[PDB]
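**Q** this one's experimental. Sequence and coordinates below.
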2 protein chains.
Amino acid sequence: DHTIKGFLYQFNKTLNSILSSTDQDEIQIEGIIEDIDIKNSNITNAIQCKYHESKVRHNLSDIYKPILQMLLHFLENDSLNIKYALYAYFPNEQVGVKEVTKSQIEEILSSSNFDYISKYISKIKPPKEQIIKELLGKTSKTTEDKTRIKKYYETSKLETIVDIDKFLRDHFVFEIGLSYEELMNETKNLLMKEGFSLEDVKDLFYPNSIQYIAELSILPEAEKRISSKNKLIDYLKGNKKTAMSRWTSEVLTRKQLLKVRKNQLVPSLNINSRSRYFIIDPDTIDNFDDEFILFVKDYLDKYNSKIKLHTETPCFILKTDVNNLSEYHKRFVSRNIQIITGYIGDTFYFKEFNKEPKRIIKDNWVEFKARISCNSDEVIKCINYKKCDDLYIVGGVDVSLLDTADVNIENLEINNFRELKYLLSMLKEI
Amino acid sequence: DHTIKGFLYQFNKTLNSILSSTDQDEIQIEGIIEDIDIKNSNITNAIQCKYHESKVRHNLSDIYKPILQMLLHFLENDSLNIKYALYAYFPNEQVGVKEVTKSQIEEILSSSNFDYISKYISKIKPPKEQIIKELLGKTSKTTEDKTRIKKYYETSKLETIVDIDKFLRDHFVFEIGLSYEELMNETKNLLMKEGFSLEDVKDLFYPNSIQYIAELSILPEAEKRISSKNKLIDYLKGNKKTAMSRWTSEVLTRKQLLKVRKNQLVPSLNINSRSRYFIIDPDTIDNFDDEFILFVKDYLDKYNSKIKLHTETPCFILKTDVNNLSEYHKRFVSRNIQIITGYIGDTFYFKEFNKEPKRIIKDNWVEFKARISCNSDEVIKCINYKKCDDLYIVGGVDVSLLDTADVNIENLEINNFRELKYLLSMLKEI
């Protein structure tokens, strides 16, 4: 449980650092250098997180390994402007910056642990004997070699390549961290400072942020582990908005949703000079063949009946073949409805599809009242040539080949023509 | 990162066990016996979680320590009806129950590692020499003692007190676990079967459950670590209900405030010959680039459509650069909306921006329908030269350099274009 608590403390510290950072700061969760790598414009901040709730008092030996690791990293990267921070919690130690003296650092380099000597002290303090260097270079070391290396490092005085004074002055800071409960309290307070309510932070924002930190921590790729305050804020806001919309919906009935959509649709339908394109999947509407002609007749009687006022010809695009289009053309001609399909035989003509109908107002005559064609590449190109102002999609037809830029797309979810007529304000009540 | 992934895998496994368990099953997260302690009416199930994604092939040595601990616990608790289960994941091992033979267990008891011999093998296989017993009883053991114990346990044949056959037959089972992604998917599908929608599980329920598991895993008290499916379900349902109620209330109060503001703004928007200037901060409106063109098109359809009645041209000022203005101008050109910017390349022109459009009522032609430009000094001087009846500010743009004497200023507080269309009486209901 202690390891889990320490990992959660590290995650909370990373979240606090992300919240407290600016929009220009790049922070790497489980970074290459340390647990938290905050990359500013010119200074890179490396933070090591340690949790010692079970330790009554802080001891120098408790932090031997992280100090040796960061000293080795500084030795390997002395030319880089990297500031190493050690964030360790101790119940009986005052929260704040704790100074580490040069004598304490020298005491760390004199530790009798063989693992530290072989891993970090050897590189920090190179051995002056070639035999010791060869022994340290061995991948597998026997007990006799370990004892020899330990005795040599305990008895021999070796110079330190790492500039302890300059590093302690400029590139190192040691801070006693807050308690884990105080850590979550401070993190939630920072979350509240972003405009989020306390209840929202407690229920949604804090667990989501913790899960996000945990998910980014396990990614093997270092680049994918880089996050920022703006990205986290946007992710949380998007999750909140999606949850709000989903929970606002799914409670009402079909009639109320249809009425809301109808009121959403009415204003664009109350205009007499609007070009409207319909893309329909016949398999999503019950009894399409029997009621397609009557639907078009009612639509033309409603929105394309005034010769002087209605100046735009509606377009109907269907997910069918050409033979069904010819059958629909026959059924339209038999009812004194003038349409153009663009197809002559089985070939599409570009100039026969985009021509504007001629109007003779005195005799109340329009050459053709609607464009009805199929879902083909040529028709899609023709539609893209002359963009519409409203684009209604019925049945979830694939619209990847259309130019959706700067066109008002309005998806309609229906399963019969009565609902379609209700949505388009051709019926008063279903 | 591997340890974090393993801990997350353990959390997912115990969450899956909690979801799959019945309402009468008491499950202890981070239990006394193993990671998962499922306590039924008569049988207690102990589950040990291991993650070995980095291991190509499963090896017997990979499970030496868990099996030895399991055998030691069985020896100490043979009278208790505890079924010990091992849950480890290997990428190249088929998911399912894997049998462990008695010969394999005997091989585990013959491991040469000193730690295992001193901790578990010594108790499982007591030494027949009193010297070895005294050495094992020492709290601190020197290297010579460790070597002596290792040699004695390697060379001496010791009987096994633990009933290996009975343990393997009744109290032991080894199962190859699923992958971390597969375990997450199975847990979500279990939450899918609980009536919680997939989006709800992804956004709220799963992160909340993971946070709850993590919080219960760190509790020092064993009793506080006992959880059940019903408690988690009730906690999730209560959180969802409270959040939905709060979000509904927030929506209601926001709509009331917006309705009050709309009714405030209605009287001035019904005049057909009023000059209106807009100052917009793009960063304060979500999806500004993808929706700016449509908003202006609808605004011109509502307020600049009547050639003989609508005589004033709107002016839109943005907090952008000239290049973005050129891009917007291109997009307006592509949509057949005539606008002027006053810019030729990078040079502003006072006379090009201050001119009035020409009108031909017979042809229903206007030279340009809107003025769109950035908030440069020259543009603001042009605005100051010709004062407007109504000045609208969106996003709190600094208007300190404008001469706002005897100018009606209407600050608008919005965060998307739907709210703006509501305020300007372009939509009937949000």
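**A** That came in fine, so what should we check first? Numbers count the residues shown, from 1 in each chain, chains lettered A, B, ... in the order given.
**Q** from now on I want contacts and neighbour counts done on CA atoms only, so please keep to that.
**A** Fine.
**Q** got the contact list for stretch A:354-372?
**A** Outside of stretch A:354-372, the residues that reach it under the criterion C-alpha atoms under 8 Å, 6 or more residues apart in numbering or on different chains are A:300, A:304, A:307-308, A:313-318, A:325, A:337-341, A:353, A:382, A:386.
**Q** what does stretch A:127-141 give?
**A** Counting contacts by C-alpha under 8 Å, 6+ apart, the residues outside stretch A:127-141 that touch it are A:118, A:122, A:126, A:145, A:149, A:152-153, A:158.
**Q** in helices, which of these fall?
**A** Applying DSSP state H to the contacts of stretch A:127-141, the entries found in helices are A:122, A:145, A:149, A:152-153.
**Q** out of these, which are buried?
**A** For those, a neighbour count by 16 or more other C-alpha atoms under 10 Å in any protein chain shown gives the buried set as A:122, A:149, A:153.
**Q** give the contact list for the last one.
**A** This points to residue A:153. For residue A:153, the residues meeting the contact criterion (C-alpha under 8 Å, 6+ apart) are A:110, A:117, A:127.
**Q** output these as a markdown table; include the columns neighbour count.
**A** Shown next, in a markdown table, are the contacts of residue A:153 (neighbours: other C-alpha atoms under 10 Å in any protein chain shown):
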| residue | neighbour count |
| --- | --- |
| A:110 | 16 |
| A:117 | 23 |
| A:127 | 21 |
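**Q** follow-up on the earlier one: what is the nearest of the ones in helices among the contacts of stretch A:127-141 to residue A:346?
**A** Closest approach between the ones in helices among the contacts of stretch A:127-141 and residue A:346, by C-alpha to C-alpha: residue A:122, at 83.4 Å.
**Q** from chain B, how far out is the closest one?
**A** When C-alpha to the nearest C-alpha, to the nearest Å is the yardstick, residue A:122 and chain B sit 23 Å from each other.
**Q** interface residues of the stretch 201-350 of chain A facing chain B?
**A** Listed as neighbours of chain B in the stretch 201-350 of chain A under the rule C-alpha under 8 Å from any C-alpha of the partner chain: A:203-204, A:207-208, A:210-211, A:214, A:217-220, A:239, A:243-244, A:247-248, A:263-264, A:267.
**Q** how about residues contacting the helix or strand hosting residue A:410?
**A** Assigned by DSSP states H and E, residue A:410 belongs to strand A:408-412. Outside strand A:408-412, the residues within contact range by C-alpha under 8 Å, 6+ apart are A:389-396, B:294.
**Q** make it 7 Å
**A** Strand A:408-412 is touched from outside by A:389-394, with contacts defined as C-alpha atoms under 7 Å, 6 or more residues apart in numbering or on different chains.
**Q** how about stretch A:231-238?
**A** By C-alpha under 7 Å, 6+ apart, the residues outside stretch A:231-238 that reach it are residue A:205.
**Q** give me the nearest residue to whichever residue of the stretch 1-150 of chain A sits closest to chain B, chain neighbours excluded.
**A** Each residue of the stretch 1-150 of chain A has a distance to chain B, by C-alpha to the nearest C-alpha, and the smallest belongs to residue A:1, at 4.8 Å. The shortest distance from residue A:1 to any residue that is not its chain neighbour, by C-alpha to C-alpha, 6 or more residues apart in numbering or on different chains, is 4.8 Å, and that residue is residue B:218.
**Q** residues near the one you found, how many?
**A** Neighbourhood size, residue B:218 [other C-alpha atoms under 10 Å in any protein chain shown]: 20.
**Q** contacting residues for it?
**A** Applying C-alpha under 7 Å, 6+ apart to residue B:218 gives the contacts A:1-2, A:4-5.
**Q** got the phi and psi for it?
**A** Geometry field for residue B:218 lists phi and psi as phi -100, psi -10, criterion degrees, to the nearest 10.
**Q** how close does it get to residue B:135?
**A** 35 Å (C-alpha to C-alpha, to the nearest Å).
**Q** and residue A:229, by the same measure?
**A** Plainly put, residue A:229 is 57 Å away from residue B:135 if you go by C-alpha to C-alpha.
**Q** these two - which one has more neighbours?
**A** More neighbours surround residue A:229 than the other of residue A:229 and residue B:135, with 20 against 17 (other C-alpha under 10 Å).
**Q** list the contacts of that one.
**A** A:18-19, A:21, A:23.
**Q** please, a PyMOL command that selects the buried ones among those?
**A** Buried residues within those, as defined by 16+ other C-alpha under 10 Å, are selected in PyMOL through the command that follows:
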select buried, chain A and resi 18+19+21
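**Q** from the contacts of residue A:229, which single one is nearest residue B:48?
**A** Taking the contacts of residue A:229 together and measuring to residue B:48 by C-alpha to C-alpha, the closest member is residue A:18, at 34.2 Å.
**Q** what's the strand or helix carrying the closest one packed up against?
**A** Secondary structure from DSSP H and E places residue A:18 in helix A:2-20. On a contact count with 3 or more C-alpha pairs under 7 Å, 6 or more residues apart in numbering or on different chains; DSSP states H and E, helix A:2-20 meets strand A:44-51, helix A:180-192.
**Q** now do the helix or strand following it: which elements does it pack against?
**A** Helices and strands here follow DSSP H and E; after helix A:2-20, the next one along the chain is strand A:26-29. Using 3+ C-alpha pairs under 7 Å, 6+ apart as the contact definition, the elements that strand A:26-29 packs against are strand A:36-39, strand A:226-227.
**Q** which residues sit against stretch A:291-304?
**A** In this structure, residues lying in contact with stretch A:291-304 by C-alpha under 7 Å, 6+ apart are A:310, A:332.
**Q** and that stretch, C-alpha only, in CSV?
**A** Listed next in CSV are the C-alpha coordinates belonging to stretch A:291-304 (Å, rounded to 0.1, in the frame of the first residue of the first chain):
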residue,chain,number,x,y,z
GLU,A,291,-44.5,7.9,-50.6
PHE,A,292,-41.4,9.6,-52.2
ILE,A,293,-43.5,11.3,-54.9
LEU,A,294,-46.1,12.7,-52.5
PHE,A,295,-43.4,14.0,-50.2
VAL,A,296,-41.8,15.9,-53.1
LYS,A,297,-45.2,17.2,-54.2
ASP,A,298,-46.0,18.5,-50.7
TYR,A,299,-42.5,20.1,-50.5
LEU,A,300,-42.9,21.8,-53.8
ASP,A,301,-46.4,23.0,-52.9
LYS,A,302,-45.0,24.5,-49.6
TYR,A,303,-41.6,25.9,-50.6
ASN,A,304,-41.6,26.1,-54.4
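**Q** in that stretch, which residues are buried?
**A** By neighbour count, with 16+ other C-alpha under 10 Å as the criterion, the buried positions of stretch A:291-304 are A:292-293, A:295-297, A:299-300, A:303-304.
**Q** out of those residues, who's nearest chain B?
**A** For the buried residues of stretch A:291-304, the residue nearest chain B by C-alpha to the nearest C-alpha is residue A:303; the value is 17.8 Å.
**Q** how near is residue A:229 to chain B?
**A** If you measure residue A:229 against chain B using C-alpha to the nearest C-alpha, the figure is 17 Å.
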